[PDB]
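Student: The structure that follows is given in the form of structure tokens.
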Amino acid sequence: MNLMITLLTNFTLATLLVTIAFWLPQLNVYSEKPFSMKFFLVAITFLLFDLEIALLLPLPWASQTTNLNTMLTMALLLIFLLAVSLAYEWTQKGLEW
Amino acid sequence: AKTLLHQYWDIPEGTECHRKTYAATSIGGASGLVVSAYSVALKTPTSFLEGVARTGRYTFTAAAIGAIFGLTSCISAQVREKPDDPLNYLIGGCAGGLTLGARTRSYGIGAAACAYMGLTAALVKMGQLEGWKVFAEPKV
Amino acid sequence: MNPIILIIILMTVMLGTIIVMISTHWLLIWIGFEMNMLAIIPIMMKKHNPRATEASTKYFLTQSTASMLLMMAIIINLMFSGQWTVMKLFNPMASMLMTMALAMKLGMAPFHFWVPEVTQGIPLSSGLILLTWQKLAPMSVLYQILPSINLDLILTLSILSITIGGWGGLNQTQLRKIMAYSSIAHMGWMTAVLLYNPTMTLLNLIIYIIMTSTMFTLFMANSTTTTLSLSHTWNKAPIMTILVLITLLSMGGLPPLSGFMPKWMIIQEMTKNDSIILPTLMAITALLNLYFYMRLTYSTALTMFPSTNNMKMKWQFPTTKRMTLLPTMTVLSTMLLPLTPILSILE
Amino acid sequence: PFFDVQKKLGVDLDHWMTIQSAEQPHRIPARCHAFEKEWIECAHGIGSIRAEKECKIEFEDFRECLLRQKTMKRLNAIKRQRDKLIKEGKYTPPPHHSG
Amino acid sequence: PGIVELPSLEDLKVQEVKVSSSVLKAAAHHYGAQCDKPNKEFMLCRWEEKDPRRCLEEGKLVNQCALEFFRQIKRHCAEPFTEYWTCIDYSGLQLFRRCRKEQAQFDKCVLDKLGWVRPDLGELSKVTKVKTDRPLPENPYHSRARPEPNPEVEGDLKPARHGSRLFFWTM
Amino acid sequence: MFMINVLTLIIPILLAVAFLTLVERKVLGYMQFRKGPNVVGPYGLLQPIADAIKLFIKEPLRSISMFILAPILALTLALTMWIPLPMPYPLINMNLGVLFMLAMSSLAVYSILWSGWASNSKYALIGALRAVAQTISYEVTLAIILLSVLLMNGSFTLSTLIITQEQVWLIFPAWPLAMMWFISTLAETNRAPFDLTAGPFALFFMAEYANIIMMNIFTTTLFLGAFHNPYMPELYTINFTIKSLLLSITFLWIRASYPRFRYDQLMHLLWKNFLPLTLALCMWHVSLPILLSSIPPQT
Amino acid sequence: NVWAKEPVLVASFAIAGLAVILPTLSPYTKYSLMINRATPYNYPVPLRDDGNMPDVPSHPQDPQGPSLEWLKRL
Amino acid sequence: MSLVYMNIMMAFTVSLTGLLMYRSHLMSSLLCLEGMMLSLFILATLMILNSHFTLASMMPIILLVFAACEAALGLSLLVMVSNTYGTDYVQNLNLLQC
Amino acid sequence: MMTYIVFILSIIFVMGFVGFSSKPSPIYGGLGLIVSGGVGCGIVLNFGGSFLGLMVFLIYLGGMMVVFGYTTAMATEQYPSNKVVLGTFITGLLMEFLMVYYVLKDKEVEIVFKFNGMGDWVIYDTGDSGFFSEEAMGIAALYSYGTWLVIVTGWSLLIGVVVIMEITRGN
Amino acid sequence: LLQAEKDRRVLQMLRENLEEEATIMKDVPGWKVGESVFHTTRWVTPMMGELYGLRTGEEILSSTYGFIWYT
């Protein structure tokens with residue numbers, strides 16, 4: 001709850017900074033007066049590589065176990081599949097401009 | 001639903017009159033709520049007031065079916081006094097069908113409603129009298 | 001697309017349904033359903049019209065919410081007695097949600113609103129593969145989880161599926177909606193037995209799959225989607241007429257023909273219980289869903305509709321189509337009356 | 001169906017994700033380990049319906065180990081009796097900060 | 001339902017080893033070295049019967065061996081043992097590789113004045129046999145008997161009696 | 001005392017970012033032939049202070065809830081993102097903190113997209129959408145490279161990292177991985193050569209440069225530094241601060257020199273040059289400890 | 001050849017191929033297996049004496065059981 | 001029954017009704033599907049963490065990465081729908097009439 | 001600021017789910033779902049929760065709402081309220097307040113269950129010697145045990161990539 | 001040693017709790033005083049409400065939720 005106290009203090013002080021930015025000047029003086037496809041490919045590309053990152057990233061917590069051969073095997077299989085997806089969109093001229 | 005149909009069959013046949021009609025109006029109001037829910041959720045009647053009108057009309061007709069069915073059920077059971085025939089409830093289902101034809105204002109269609117609702121009421125009383133297991137045994 | 005890419009995607013449909021078949025775990029079953037969805041999307045929209053776009057949209061929304069409701073049922077099952085084994089559940093509510101999720105998954109009459117709409121605006125290969133494998137996948141799960149189901153759900157969905165698949169179609173002339181309504185009716189027949197003896201359900205599944213393959217192969221004999229095209233198939237070739245005749249009449253369920261065998265044996269192992277009102281209701285509606293079959297027959301197989309020239313132009317050219325396996329499946333799916341004791345092949 | 005390539009090749013590719021009480025990697029237990037061991041050893045060569053009939057006691061014991069339902073029921077009852085007697089004022093409680 | 005068995009404070013009163021974290025952590029190798037020969041009796045008690053309210057005697061025994069151990073280290077060398085654990089104390093989570101000089105000083109202390117060669121790696125490992133007085137009991141899981149055996153349907157098979165015994169298709 | 005810790009963190013962020021602005025302006029000035037600024041007060045300190053004041057008294061004008069909600073998220077990230085940074089004794093001993101770095105960088109991407117939506121249907125919002133796309137194309141590279149540089153460190157705890165950096169620096173076992181990661185820090189700070197891109201401009205500007213100081217402090221901790229000697233942590237604090245300062249001056253110094261990319265050249269370069277090289281260096285870092293028999297002590 | 005065309009690709013496939021193949025040559029994977037197996041986490045359980053084993057040393061000081069000595073000797 | 005589970009399942013049901021009834025767009029429907037996904041994730045995560053169900057702790061992360069790629073598929077489909085029109089309304093989908 | 005902090009964060013969690021399942025404009029819905037994901041992360045980290053909850057927070061908040069708001073901003077407009085939206089919010093708020101009423105003022109709440117609504121520190125461990133986590137060796141499986149599962153997972157994701165490019169105009 | 005301390009302490013909590021339950025429910029119908037709700041009379045591990053009941057806030061916060069958000 002200590003970090004909740006930190007989040008609360010930072011949020012409240014930042015809101016006070018925003019209200020100093022807005023409601024400070026008391027001198028109320030004079031009030032006066034299409035999308036593309038290739039944007040969308042980048043987001044889903046990021047999304048699927050992020051999902052395979054989520055699959056990869058608990059690797060170093062796993063490094064203390066006995067079945068080292070299967071670990072190294074499926075780890076190389078995961079990075080290889082990720083690079084195969086990248087090479088697939090690379091050779092099928094997908095993310096090009 | 002289940003508890004109030006069990007209330008209806010708990011009322012003997014037998015003469016515990018117009019509680020039978022209360023239970024039958026409750027059954028008809030439930031069935032009218034079912035079919036009215038389908039008819040308002042599958043149509044968009046444009047607008048909400050007309051939807052409430054269609055639901056009230058459907059529930060009123062179905063409760064009228066149940067009411068007049070239970071009334072002539074009690075009338076057969078008190079006048080002719082044969083408690084365990086399918087014939088009285090054949091007459092009862094015909095009465096419910098003819099009053100449905102009255103509330104929809106169609107005559108030959110009301111006669112068809114008489115025929116089919118009387119045969120279904122005869123089936124219900126007849127199979128319940130002999131004892132025919134609903135929906136399943138479910139054993140083998 | 002590429003042919004190698006289609007090899008890979010159909011391989012993944014095979015792999016997804018096999019993972020549904022093979023695991024004793026729940027997560028792999030849900031992954032198999034999801035991979036089935038993900039790989040069956042690009043088989044639809046194989047052409048480039050917005051018809052297939054809206055069909056794929058409807059299919060994705062219904063398919064996705066069915067998978068999510070299934071995962072809800074599994075997590076409720078582990079809120080109660082906790083293991084990931086595919087056996088009897090431990091909640092009426094979880095089994096209730098699970099049968100409803102599988103009912104949205106395959107298509108019952110409360111949930112059948114997406115099936116004709118997705119099967120119309122798609123090419124025929126997509127419709128064939130979705131019908132065969134999407135009715136093949138959940139029946140394995142139902143076969144495994146059967147001893148924990150309240151009979152009111154399966155019974156109500158089965159009765160309602162048979163009667164709505166009967167009553168729909170009598171206004172309909174598009175052949176894909178006709179075949180989808182027939183799919184709803186046969187899935188109701190496949191469902192109504194499962195709490196009594198599931199061997200009949202998987203046998204009816206085999207028979208219906210072979211019949212559907214023969215049906216859509218004879219609809220792929222040439223590019224036809226309406227009945228008047230079938231009248232042109234009458235005047236361009238005589239053998240397609242009698243083959244469509246016999247396959248339609250086997251979908252009808254007549255005793256000297258193979259499609260009667262799933263009906264009658266279901267009636268038998270139904271009525272070795274005291275169920276009589278249910279067979280007579282199901283069989284009167286099985287009389288009902290033969291009328292659209294019979295008006296298709298009366299249209300383009302035994303009456304002779306007037307045709308149009310340039311069929312004269314079409315007479316010069318051979319039928320250079322490919323058939324996956326047409327005649328084998330046809331005569332195996334029609335003349336299979338005296339092999340009724342191949343019931344026991346299924347154990 | 002229920003196909004058994006799972007048993008024909010004989011690979012435990014799925015028989016570790018399955019229940020509790022299997023071989024956890026660092027050999028740590030679950031919360032109701034012995035209850036699962038007793039209920040499974042009650043229900044091994046058992047035909048799945050007499051499993052309901054004749055493994056009732058340990059299955060209910062496992063369920064009330066997992067959810068801990070009646071224990072929370074009894075705890076709520078004791079707390080509400082505590083509330084009504086502190087409303088009464090008898091023995092302003094020496095459970096807290098004393099034995 | 002069934003009543004419980006809670007042995008009261010009649011047996012639940014032994015004076016605790018009320019020393020703190022860092023001193024107990026820095027005294028650990030000699031604590032496991034000389035004593036903690038009979039605490040494996042306690043641990044074997046605990047794993048052979050997983051019902052504490054049973055092993056109270058050997059819990060008392062390991063408590064008094066720990067108390068005697070600290071008495072023996074208090075009367076003899078060292079007083080710079082106190083220097084050693086206050087050296088290791090304030091280093092956050094206690095890396096044993098921080099304080100080494102006074103580790104050597106305490107080593108020479110204990111070896112010259114009393115002995116106790118420090119247990120090397122991996123001597124606080126290596127699964128160990130020990131004896132008790134009681135034999136290990138059956139079903140510490142208070143388990144009932146087996147529910148039922150399955151009557152094994154076995155024996156050689158006859159051919160099909162009168163075929164399928166369906167409506168027809170005989171033989 | 002804990003709120004006093006919070007105040008001693010987030011009161012020098014204002015002075016830190018403002019004096020960072022004077023430092024970068026003076027440094028760019030001496031990179032060119034400029035003494036800018038020195039006239040306005042003693043060596044230009046009151047000029048950033050009073051200029052921040054003037055920026056607070058600008059009186060601007062104007063969807064309003066969205067326009068509220070974007071810079072508040074940006075600056076609360078700028079506040080709440082110096083928590084586990086282990087200037088010797090960190091504020092919160094998080095068991096994992098690097099994944100918290102990644103999550104709050106994604107929250108900064110939220111901030112940029114909310115500002116772009118609040119910009120009210122402009123060719124600027126199309127450009128801000130492109131900036132959101134380029135900013136989101138980097139957390140793949142940063143997470144995977146960060147994963148590899150913690151792989152030689154066992155745990156996510158970052159105190160284990162300050163243990164690992166005692167013998168030699170971690171810049172020597174992974175220098176090209178570190179080079180790619182530093183280019184990704186240039187990338188995440190959304191400054192030169194990686195550009196382009198209303199109010200409150202002081203708060204948004206504050207968020208960007210506190211994000212810069214965070215990335216430089218995290219760079220300095222991740223790859224090099226000094227030894228944590230207890231009962232005098234200020235020595236480590238001084239040496240860490242000097243190295244982080246030199247790295248931040250180098251960071252602005254590399255910004256002082258090169259023209260900015262093309263957007264499609266930026267994407268082309270990112271994917272087709274960093275991303276296979278990340279995967280190859282990362283699989284080599286996976287197979288490295290099994291071929292040196294040195295897996296770190298995951299406790 | 002392709003060394004001027006996409007050189008970062010060539011270096012990537014080179015370090016990838018050595019990262020795949022290179023675990024086949026090692027005097028150290030057995031050392032990795034011994035380290036990662038012989039680190040105790042849980043409690044080393046006791047057991048009943050009367051199996052009459054010429055192993056399982058009754059004293060933790062006693063080196064009659066299988067242990068490690070190559071650790072301190074690197 | 002660990003009363004946080006009560007209103008988690010309640011909010012699940014409300015998320016499911018949000019997936020079902022919707023009147024203007026489809027992205028909001030897909031977003032409520034994502035919220036339902038979050039509900040399943042949270043419920044399974046709290047259960048497996050309560051039970052010390054340490055061996056099969058794969059369930060919440062694998063559940064969310066799979067239903068994540070499901071949502072990605074839904075995004076691509078809605079982009080194709082919005083690209084063959086100007087908008088993404090529930091309306092202008094009434095073609096292929098029944 | 002009491003015992004029921006997990007319960008209060010659960011209440012705010014249900015508030016956020018009602019906030020976007022009251023059918024607002026979809027970018028407001030994305031805002032409410034960001035709120036919901038943050039407070040669900042708070043709930044799971046209250047159960048500790050150290051690894052998996054803040055883990056998939058990256059994937060859920062760090063990977064999904066950004067793409068949803070991306071596509072929502074670029075595709076359609078709704079460029080400048082209705083009684084149905086605020087009425088759904090009224091009904092959700094009323095059912096939430098009714099649940100608060102029946103929890104806090106009664107014994108138990110049963111829709112079709114048995115919820116004992118009280119201090120949910122139960123259930124919890126009695127401080128065992130875990131020394132890593134549950135989540136640590138938990139997700140530090142999938143590699144010594146997960147042969148089949150991560151293979152079919154990565155295979156499904158590769159098929160997901162090729163499906164996406166096909167739909168968005170393969171090749 | 002710590003294990004034996006933990007065992008003595010949890011038995012002490014159970015003994016205190018059952019004595020105070022015997023007082024606090026002295027005139028209620030039903031309520032057998034020592035109900036193991038589980039039929040199998042064995043050792044079962046308590047669930048921190050069986051241990052840390054009747055404490056009102058402080059020590060239950062430091063015990064149930066102490067490690068979970070310490071620092």
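By convention here, the chains of the structure tokens are called A, B, ... in the order presented, each chain's residues are numbered starting at 1, and ligands are numbered starting at 1 in the order presented.
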How close does each residue of chain I get to chain H, giving the shortest atom pair and distance in Å to one decimal for every residue with an atom at most 6 Å away, counting only C-alpha atoms, sorted by chain and residue number, as a Markdown table?
Tutor:
```
| residue | atom | partner | partner_atom | distance |
| --- | --- | --- | --- | --- |
| I:14 | CA | H:11 | CA | 5.3 |
| I:21 | CA | H:18 | CA | 4.7 |
| I:26 | CA | H:28 | CA | 5.0 |
| I:76 | CA | H:87 | CA | 5.6 |
| I:115 | CA | H:1 | CA | 4.9 |
| I:117 | CA | H:3 | CA | 5.4 |
| I:134 | CA | H:54 | CA | 5.7 |
| I:138 | CA | H:54 | CA | 5.0 |
```
Student: Write down, as an MDAnalysis selection string, each residue of chain A that has any atom within 9 Å of an atom of chain G, counting only C-alpha atoms.
Tutor: chainID A and resid 63:68 76
Student: Which is closer to chain J than all the others in E:112, E:138, E:58, E:48, using only C-alpha atoms?
Tutor: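 Selected residue with least distance to chain J: E:58.
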Student: Taking the DSSP assignment computed from this structure's backbone, write out as JSON, numbers by chain all residues of region 11-57 of chain J that belong to helix (DSSP H, G or I).
Tutor: {"J": [11, 12, 13, 14, 15, 16, 17, 18, 19, 20, 21, 22, 23, 24]}
Student: Quick one: which residues from chain I are at most 8 Å off chain F, using only C-alpha atoms, as JSON, numbers by chain?
Tutor: {"I": [50, 51, 54, 55, 57, 58, 61, 62, 63, 66, 69, 70, 73, 132]}
